[PDB]
Number of protein chains: 2
Amino acid sequence: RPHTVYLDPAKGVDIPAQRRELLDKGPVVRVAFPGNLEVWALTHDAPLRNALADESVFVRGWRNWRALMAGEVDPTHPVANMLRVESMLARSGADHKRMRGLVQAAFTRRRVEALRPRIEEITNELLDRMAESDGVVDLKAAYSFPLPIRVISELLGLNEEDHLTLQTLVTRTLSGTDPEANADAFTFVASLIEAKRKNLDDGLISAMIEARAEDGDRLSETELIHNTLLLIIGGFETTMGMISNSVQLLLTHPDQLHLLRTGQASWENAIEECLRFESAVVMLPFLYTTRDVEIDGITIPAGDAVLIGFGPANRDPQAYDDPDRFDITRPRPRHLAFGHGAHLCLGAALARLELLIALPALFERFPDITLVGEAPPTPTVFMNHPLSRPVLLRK
Amino acid sequence: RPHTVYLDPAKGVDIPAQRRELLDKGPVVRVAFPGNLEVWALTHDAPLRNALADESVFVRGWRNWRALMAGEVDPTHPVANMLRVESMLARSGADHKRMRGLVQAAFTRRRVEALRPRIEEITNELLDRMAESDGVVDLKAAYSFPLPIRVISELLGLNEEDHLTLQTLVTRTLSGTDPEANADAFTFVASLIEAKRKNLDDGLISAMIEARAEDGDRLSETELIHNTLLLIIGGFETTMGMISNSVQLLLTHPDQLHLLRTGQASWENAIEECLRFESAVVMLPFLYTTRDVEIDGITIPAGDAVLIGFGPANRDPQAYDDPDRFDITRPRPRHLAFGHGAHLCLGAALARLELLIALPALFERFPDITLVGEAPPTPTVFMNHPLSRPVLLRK
Ligand code: HEM
Ligand code: HEM
Ligand SMILES: c1ccc(-c2c[nH]cn2)cc1
Ligand SMILES: c1ccc(-c2c[nH]cn2)cc1
């Protein structure tokens with residue numbers, strides 16, 4: 001007989017409140033959206049981590065959602081549609097392993113470490129441009145967005161003319177209020193691929209195209225498009241989010257930033273605590289139960305859809321002492337900001353490198369940077385980062 | 001019996017299509033929104049102009065909305081709430097003239113003429129910053145937004161720290177999908193006033209504070225807040241919109257732009273044709289009939305709410321031959337982009353000067369400027385301007 005959390009991003013977004021309520025309403029909660037869409041969420045660290053590692057019980061892939069294939073839910077509802085896709089993240093077992101295996105090389109810790117000089121160069125160029133500006137600056141537009149999109153652009157083989165197009169596209173797909181986002185994103189990326197087949201390069205999209213051409217069985221056309229999409233979705237928006245979130249947190253905890261700036265504390269650990277404390281991905285659709293599952297005296301029936309509550313789990317007092325305190329010296333937090341199990345973030349080492357470069361460089365160039373104005377949230381209950389991040393670079 | 005036009009901006013906005021449908025469906029049409037709200041719209045030039053000039057028959061102000069108090073529409077509906085306010089634009093008669101009169105001085109021809117040096121200076125500084133950038137630039141973020149908000153900031157006495165806050169706040173109020181936008185905007189502006197009382201200055205907000213202090217009957221506290229909000233709503237968003245829309249139009253009509261650049265056509269007339277052709281305000285809530293009014297053989301009952309269709313009226317073939325063609329040489333269009341009658345845009349001369357400075361200066365500095373990427377629309381059925389306007393300055 002579960003508690004219910006009613007969500008509507010049109011009536012504002014409040015991630016801190018949402019995280020609190022999802023955690024408070026036991027580990028297993030019902031989440032009701034607009035339309036007549038109600039689903040489950042798992043929101044405490046221990047049950048969530050357990051579910052995320054047990055893919056025979058909690059499977060990926062919309063074909064497993066009973067109510068969806070039984071016409072009880074509208075397939076065009078944005079939330080029902082968001083992970084109604086054919087990429088690796090919406091697969092389990094051999095299909096996941098096949099697809100993830102094809103692209104893993106490009107994202108290994110060691111490959112990512114070879115990207116450091118170029119990431120430093122892109123970071124330093126951005127800082128140079130910021131130094132030419134004089135008064136209030138949107139950190140998101142100047143810094144947080146351009147850095148990760150440039151980095152993933154070079155890895156994937158994207159074109160600079162599409163960077164702003166992609167920013168809009170991804171926001172729409174993650175809004176959970178845009179019925180046509182997936183369809184428009186698919187047609188967009190299909191065109192990218194068809195342009196790229198004409199003019200190959202040494203980027204990952206070209207390599208995946210080349211891999212399909214060599215062996216059609218290795219990767220279908222639908223998988224090529226959807227996996228390209230997934231890499232685009234993941235590739236910049238969350239790192240962008242995290243840069244802004246991290247700067248907000250460090251400047252609102254000036255003592256901790258002081259430790260970082262004087263070499264008395266670890267940037268790496270601080271970034272892990274930022275990931276836990278203000279996780280850019282609050283929750284995502286879905287896990288689907290393969291059988292009846294009982295948690296805390298509540299049974300989730302076989303075939304039901306379950307939101308993955310990374311954000312509430314990251315504030316769980318069972319997992320962390322004093323969870324609602326930001327503390328960069330805390331024992332390296334084993335957080336779920338990058339998820340857990342088979343679908344643990346492909347890009348996790350790349351994001352960690354990006355943040356490790358971007359965050360100290362910013363404060364080195366602009367030691368007296370301050371937060372000004374308001375930073376209203378992106379209107380989505382799925383993601384947690386600001387629409388804008390106004391700063392003053394010089395006192 | 002009137003036709004009905006169903007609008008839902010969540011399912012994607014298309015102002016060109018929307019204007020065509022509104023115009024085509026005779027001058028008097030019903031417009032239905034999601035939830036429980038259906039209203040009227042006047043969408044041809046001649047009946048609209050006539051309504052707008054006749055304030056004893058078509059009054060402003062939500063207390064005149066019979067259906068509202070008859071509980072026939074959802075109150076808290078964003079569209080019902082948008083002009084549920086106490087500013088000059090939501091009043092008629094003595095109250096309108098009192099409130100409008102307090103601020104008119106600052107917007108007369110002679111006052112606006114003294115703003116020219118500063119507008120040119122702001123324009124030239126923005127162009128200097130753009131010249132230090134390299135590849136694709138968002139013209140909106142670099143030029144179209146910062147110019148008007150800086151200009152109105154100086155006139156009103158706003159703080160640069162709030163500029164980006166205001167951009168979001170205004171977008172929310174004009175979305176017509178945000179129930180909490182007016183309330184949050186009022187709270188925000190009430191704080192502005194409380195800050196401003198401490199430190200008065202030479203700007204219009206201070207003058208309105210000073211006016212209330214000297215004679216409380218000249219201006220209530222509610223009126224002070226709502227009118228400050230109104231001036232902020234009006235003060236930059238539409239000029240910003242018009243800059244981008246005008247650049248789109250001139251670069252997609254390169255022959256006409258050529259004539260302007262060689263002194264074979266008038267910038268002033270071109271700007272009037274931009275205003276007519278891609279009017280930034282498509283329609284707004286609410287004339288309310290003071291009696292039964294018959295137009296085109298259709299009676300609008302007393303007390304009913306009527307959308308003001310500036311944009312469809314501006315494409316009316318009865319008002320202009322070949323309305324759907326952009327033609328900077330046409331006789332100066334007598335358009336409704338600024339409205340008509342007692343509420344004719346207080347800022348109209350300021351907007352015309354801003355555009356007259358901004359548009360030629362842009363093309364003089366960046367003669368080979370080119371449109372690239374996508375420019376998706378702001379998601380509102382009320383306003384007509386892009387979310388982003390990617391350009392290459394020095395292709
Ligand atoms: C830096 C570039 C990034 C890329 C290219 C990227 C890409 C991906 C991909 C492809 C997956 C799916 C993995 C699989 O199915 O095996 C994934 C999962 C995930 N990523 Fe990322 N990601 C990046 C950064 C981030 C960051 C900074 C965060 C969080 C702050 C994040 C959060 C997640 C989460 C939570 C999942 C698991 C989703 C789930 O279990 O349903 N990612 N990422
Ligand atoms: C191109 C730029 C602009 C456009 C297209 C525009 C359009 C309009 C329109 C259509 C109206 C009439 C609304 C109605 O009748 O319901 C109006 C009224 C108004 N506008 Fe603007 N406007 C612009 C710029 C500005 C500026 C720069 C200001 C500066 C404060 C401003 C302040 C006002 C005010 C205060 C009113 C209400 C006047 C009254 O109630 O008497 N506008 N504008
Ligand atoms: C849908 C698909 C992938 C993501 C993602 C992966 N990594 C970051 N974000 C978010 C939403
Ligand atoms: C609501 C109220 C006023 C406006 C306006 C007036 N002038 C510019 N914008 C827009 C929307």
# chains A, B, ... in the order shown; residues from 1 in each chain; ligands from 1
$ residues_near_ligand --ligand "ligand 4" --cutoff "7 Å" --atoms "only C-alpha atoms and all ligand atoms" --output "PyMOL selection string"
chain B and resi 174+230+233-235+237-238+281+284+345+347
$ select_by_dssp --residues "range 331-381 of chain B" --states "alpha helix (DSSP H)" --output "list in words"
residues 348, 349, 350, 351, 352, 353, 354, 355, 356, 357, 358, 359, 360, 361, 362, 363, 364 and 365 of chain B
$ closest_atom_pairs --of "chain B" --to "chain A" --cutoff "9 Å" --atoms "only C-alpha atoms" --output "JSON lines"
{"residue": "B:10", "atom": "CA", "partner": "A:178", "partner_atom": "CA", "distance": 6.5}
{"residue": "B:11", "atom": "CA", "partner": "A:179", "partner_atom": "CA", "distance": 6.8}
{"residue": "B:12", "atom": "CA", "partner": "A:180", "partner_atom": "CA", "distance": 7.9}
{"residue": "B:129", "atom": "CA", "partner": "A:133", "partner_atom": "CA", "distance": 7.4}
{"residue": "B:132", "atom": "CA", "partner": "A:129", "partner_atom": "CA", "distance": 7.8}
{"residue": "B:133", "atom": "CA", "partner": "A:129", "partner_atom": "CA", "distance": 7.5}
{"residue": "B:135", "atom": "CA", "partner": "A:160", "partner_atom": "CA", "distance": 8.2}
{"residue": "B:136", "atom": "CA", "partner": "A:161", "partner_atom": "CA", "distance": 6.5}
{"residue": "B:138", "atom": "CA", "partner": "A:164", "partner_atom": "CA", "distance": 8.2}
{"residue": "B:141", "atom": "CA", "partner": "A:141", "partner_atom": "CA", "distance": 8.6}
{"residue": "B:160", "atom": "CA", "partner": "A:136", "partner_atom": "CA", "distance": 6.7}
{"residue": "B:161", "atom": "CA", "partner": "A:373", "partner_atom": "CA", "distance": 5.2}
{"residue": "B:162", "atom": "CA", "partner": "A:373", "partner_atom": "CA", "distance": 5.4}
{"residue": "B:163", "atom": "CA", "partner": "A:373", "partner_atom": "CA", "distance": 8.1}
{"residue": "B:164", "atom": "CA", "partner": "A:390", "partner_atom": "CA", "distance": 7.1}
{"residue": "B:165", "atom": "CA", "partner": "A:374", "partner_atom": "CA", "distance": 5.6}
{"residue": "B:168", "atom": "CA", "partner": "A:376", "partner_atom": "CA", "distance": 7.8}
{"residue": "B:177", "atom": "CA", "partner": "A:10", "partner_atom": "CA", "distance": 7.0}
{"residue": "B:178", "atom": "CA", "partner": "A:10", "partner_atom": "CA", "distance": 6.0}
{"residue": "B:179", "atom": "CA", "partner": "A:11", "partner_atom": "CA", "distance": 6.3}
{"residue": "B:180", "atom": "CA", "partner": "A:11", "partner_atom": "CA", "distance": 6.7}
{"residue": "B:372", "atom": "CA", "partner": "A:161", "partner_atom": "CA", "distance": 6.8}
{"residue": "B:373", "atom": "CA", "partner": "A:161", "partner_atom": "CA", "distance": 5.6}
{"residue": "B:374", "atom": "CA", "partner": "A:165", "partner_atom": "CA", "distance": 6.0}
{"residue": "B:375", "atom": "CA", "partner": "A:165", "partner_atom": "CA", "distance": 8.2}
{"residue": "B:376", "atom": "CA", "partner": "A:168", "partner_atom": "CA", "distance": 8.4}
{"residue": "B:387", "atom": "CA", "partner": "A:168", "partner_atom": "CA", "distance": 8.8}
{"residue": "B:388", "atom": "CA", "partner": "A:164", "partner_atom": "CA", "distance": 7.9}
{"residue": "B:390", "atom": "CA", "partner": "A:164", "partner_atom": "CA", "distance": 7.5}
$ write_last_selection --atoms "N, CA and C atoms" --output "tab-separated table (two decimals), in the first residue's frame"
chain	number	residue	atom	x	y	z
B	10	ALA	N	2.85	22.93	-25.70
B	10	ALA	CA	3.60	21.76	-25.29
B	10	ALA	C	3.76	20.79	-26.47
B	11	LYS	N	2.79	20.72	-27.39
B	11	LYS	CA	2.95	19.92	-28.61
B	11	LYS	C	3.61	20.71	-29.75
B	12	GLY	N	4.45	21.71	-29.46
B	12	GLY	CA	5.28	22.36	-30.46
B	12	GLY	C	4.58	23.58	-31.04
B	129	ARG	N	32.90	43.11	-28.37
B	129	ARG	CA	33.01	41.81	-27.73
B	129	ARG	C	32.78	40.69	-28.75
B	132	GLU	N	35.86	39.79	-30.78
B	132	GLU	CA	36.85	38.96	-30.11
B	132	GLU	C	36.51	37.47	-30.11
B	133	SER	N	35.31	37.08	-30.58
B	133	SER	CA	34.89	35.70	-30.61
B	133	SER	C	35.28	35.13	-31.98
B	135	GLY	N	34.05	31.49	-33.80
B	135	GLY	CA	33.28	30.59	-34.65
B	135	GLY	C	31.78	30.88	-34.55
B	136	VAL	N	30.94	29.86	-34.40
B	136	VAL	CA	29.50	30.07	-34.32
B	136	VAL	C	29.19	30.86	-33.05
B	138	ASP	N	25.79	32.57	-30.77
B	138	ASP	CA	24.39	32.86	-30.57
B	138	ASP	C	24.17	34.37	-30.53
B	141	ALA	N	22.17	35.68	-27.39
B	141	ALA	CA	22.95	35.83	-26.17
B	141	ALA	C	24.00	36.96	-26.28
B	160	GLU	N	22.63	44.99	-12.98
B	160	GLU	CA	23.17	44.03	-13.92
B	160	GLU	C	23.17	42.62	-13.32
B	161	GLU	N	23.25	42.53	-11.99
B	161	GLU	CA	23.18	41.27	-11.28
B	161	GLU	C	21.85	40.53	-11.50
B	162	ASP	N	20.80	41.23	-11.94
B	162	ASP	CA	19.45	40.67	-12.04
B	162	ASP	C	19.07	40.44	-13.50
B	163	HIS	N	19.96	40.80	-14.43
B	163	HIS	CA	19.62	40.82	-15.84
B	163	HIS	C	19.19	39.44	-16.33
B	164	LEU	N	19.99	38.43	-15.97
B	164	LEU	CA	19.73	37.06	-16.37
B	164	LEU	C	18.54	36.48	-15.60
B	165	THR	N	18.41	36.85	-14.32
B	165	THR	CA	17.22	36.51	-13.55
B	165	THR	C	15.96	37.00	-14.25
B	168	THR	N	14.76	35.08	-17.49
B	168	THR	CA	14.02	33.86	-17.21
B	168	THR	C	12.62	34.22	-16.71
B	177	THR	N	2.16	28.97	-19.86
B	177	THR	CA	2.09	27.59	-19.39
B	177	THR	C	2.63	27.48	-17.96
B	178	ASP	N	2.90	28.60	-17.28
B	178	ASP	CA	3.56	28.59	-16.00
B	178	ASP	C	2.65	29.21	-14.93
B	179	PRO	N	1.89	28.41	-14.14
B	179	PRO	CA	0.96	28.97	-13.15
B	179	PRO	C	1.60	29.89	-12.11
B	180	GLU	N	2.87	29.64	-11.76
B	180	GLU	CA	3.50	30.38	-10.68
B	180	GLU	C	4.32	31.58	-11.17
B	372	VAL	N	23.21	30.27	-39.44
B	372	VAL	CA	23.53	28.85	-39.43
B	372	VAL	C	22.74	28.15	-38.32
B	373	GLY	N	22.78	26.82	-38.32
B	373	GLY	CA	22.21	26.01	-37.26
B	373	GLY	C	20.68	26.10	-37.35
B	374	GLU	N	20.03	25.93	-36.20
B	374	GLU	CA	18.58	26.02	-36.12
B	374	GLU	C	18.26	27.20	-35.22
B	375	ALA	N	17.09	27.80	-35.43
B	375	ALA	CA	16.60	28.81	-34.53
B	375	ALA	C	15.19	28.39	-34.13
B	376	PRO	N	15.08	27.47	-33.15
B	376	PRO	CA	13.76	26.95	-32.75
B	376	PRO	C	13.00	28.05	-32.00
B	387	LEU	N	14.49	30.86	-29.50
B	387	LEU	CA	15.25	30.46	-28.31
B	387	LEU	C	16.74	30.77	-28.47
B	388	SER	N	17.23	30.64	-29.71
B	388	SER	CA	18.64	30.76	-30.05
B	388	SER	C	18.74	31.32	-31.48
B	390	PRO	N	21.84	31.16	-33.98
B	390	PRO	CA	23.23	30.92	-34.33
B	390	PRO	C	23.59	31.63	-35.62
$ calpha_fit_rmsd --fixed "chain B" --moving "chain A"
0.4 Å
$ atom_distance --atom1 "CA of residue 26 in chain A" --atom2 "CA of residue 50 in chain A"
15.7 Å
$ closest_residue --among "A:360, A:176, A:311, A:117" --to "ligand 3" --atoms "only C-alpha atoms and all ligand atoms"
A:176
$ residues_near_ligand --ligand "ligand 2" --cutoff "6 Å" --atoms "only C-alpha atoms and all ligand atoms" --output "PyMOL selection string"
chain B and resi 88-89+100+231+234-236+238-239+242+280-281+284+337-339+342-348+350-351
$ atom_distance --atom1 "CA of residue 151 in chain B" --atom2 "CA of residue 394 in chain A"
23.3 Å
$ residues_around --residues "residue 352 in chain A" --least-positions-apart "5" --cutoff "10 Å" --atoms "only C-alpha atoms" --output "ChimeraX atom specification"
/A:109,112,239,268,271-272,275,347,357-358
$ residues_around --residues "range 298-308 of chain A" --least-positions-apart "4" --cutoff "7 Å" --atoms "only C-alpha atoms" --output "ChimeraX atom specification"
/A:1,39-42,64-66,283-294
$ write_last_selection --atoms "N, CA and C atoms" --output "JSON list (two decimals), in the first residue's frame"
[["chain", "number", "residue", "atom", "x", "y", "z"],
["A", 1, "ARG", "N", 0.86, -1.23, 0.00],
["A", 1, "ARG", "CA", 0.00, 0.00, 0.00],
["A", 1, "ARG", "C", 0.88, 1.26, 0.00],
["A", 39, "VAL", "N", 3.83, 5.29, -11.79],
["A", 39, "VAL", "CA", 4.83, 4.24, -11.84],
["A", 39, "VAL", "C", 5.44, 4.08, -10.45],
["A", 40, "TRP", "N", 6.48, 3.25, -10.36],
["A", 40, "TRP", "CA", 7.21, 3.11, -9.11],
["A", 40, "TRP", "C", 8.49, 3.92, -9.16],
["A", 41, "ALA", "N", 9.08, 4.11, -7.98],
["A", 41, "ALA", "CA", 10.45, 4.58, -7.86],
["A", 41, "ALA", "C", 11.11, 3.83, -6.72],
["A", 42, "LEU", "N", 12.39, 3.50, -6.91],
["A", 42, "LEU", "CA", 13.23, 3.01, -5.83],
["A", 42, "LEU", "C", 14.20, 4.12, -5.40],
["A", 64, "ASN", "N", 9.61, -4.95, -21.95],
["A", 64, "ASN", "CA", 9.31, -5.67, -20.72],
["A", 64, "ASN", "C", 8.24, -4.97, -19.88],
["A", 65, "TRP", "N", 7.66, -3.88, -20.38],
["A", 65, "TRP", "CA", 6.75, -3.11, -19.55],
["A", 65, "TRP", "C", 5.31, -3.52, -19.87],
["A", 66, "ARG", "N", 4.67, -4.26, -18.95],
["A", 66, "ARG", "CA", 3.41, -4.92, -19.24],
["A", 66, "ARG", "C", 2.35, -3.90, -19.64],
["A", 283, "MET", "N", 16.85, 11.06, -11.29],
["A", 283, "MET", "CA", 16.23, 9.78, -11.54],
["A", 283, "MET", "C", 16.04, 9.61, -13.04],
["A", 284, "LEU", "N", 15.96, 8.35, -13.49],
["A", 284, "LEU", "CA", 15.68, 8.04, -14.88],
["A", 284, "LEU", "C", 14.69, 6.89, -14.97],
["A", 285, "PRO", "N", 13.89, 6.87, -16.05],
["A", 285, "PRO", "CA", 13.13, 5.67, -16.41],
["A", 285, "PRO", "C", 14.18, 4.70, -16.92],
["A", 286, "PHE", "N", 13.76, 3.45, -17.16],
["A", 286, "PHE", "CA", 13.31, 2.53, -16.15],
["A", 286, "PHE", "C", 14.07, 1.22, -16.00],
["A", 287, "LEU", "N", 13.83, 0.63, -14.83],
["A", 287, "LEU", "CA", 13.93, -0.78, -14.60],
["A", 287, "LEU", "C", 12.54, -1.41, -14.74],
["A", 288, "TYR", "N", 12.48, -2.66, -15.21],
["A", 288, "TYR", "CA", 11.21, -3.37, -15.31],
["A", 288, "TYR", "C", 11.35, -4.73, -14.61],
["A", 289, "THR", "N", 10.46, -5.00, -13.66],
["A", 289, "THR", "CA", 10.52, -6.25, -12.90],
["A", 289, "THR", "C", 10.20, -7.41, -13.84],
["A", 290, "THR", "N", 11.03, -8.47, -13.78],
["A", 290, "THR", "CA", 10.81, -9.71, -14.53],
["A", 290, "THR", "C", 9.93, -10.69, -13.74],
["A", 291, "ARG", "N", 9.74, -10.45, -12.44],
["A", 291, "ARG", "CA", 8.90, -11.25, -11.56],
["A", 291, "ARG", "C", 8.37, -10.34, -10.46],
["A", 292, "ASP", "N", 7.52, -10.88, -9.58],
["A", 292, "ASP", "CA", 7.05, -10.11, -8.44],
["A", 292, "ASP", "C", 8.24, -9.90, -7.51],
["A", 293, "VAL", "N", 8.39, -8.68, -7.01],
["A", 293, "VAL", "CA", 9.52, -8.32, -6.16],
["A", 293, "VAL", "C", 8.99, -7.67, -4.89],
["A", 294, "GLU", "N", 9.46, -8.14, -3.74],
["A", 294, "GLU", "CA", 8.97, -7.64, -2.48],
["A", 294, "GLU", "C", 10.09, -6.86, -1.81]]
$ closest_residue --among "A:309, A:379, A:332, A:266" --to "residue 49 in chain A" --atoms "only C-alpha atoms"
A:309
$ residues_around --residues "range 197-211 of chain A" --least-positions-apart "3" --cutoff "8 Å" --atoms "only C-alpha atoms" --output "PyMOL selection string"
chain A and resi 102-103+106+154-157+193-194+214-216+218-219+224+228
$ atom_distance --atom1 "atom 5 (C, counted along the ligand's line) of ligand 3" --atom2 "CA of residue 316 in chain A"
22.0 Å
$ select_by_dssp --residues "range 283-327 of chain B" --states "strand (DSSP E)" --output "PyMOL selection string"
chain B and resi 284-289+293-295+298-300+305-308
$ residues_around --residues "residue 87 in chain B" --least-positions-apart "5" --cutoff "8 Å" --atoms "only C-alpha atoms" --output "PyMOL selection string"
chain B and resi 99+223+226-227+230
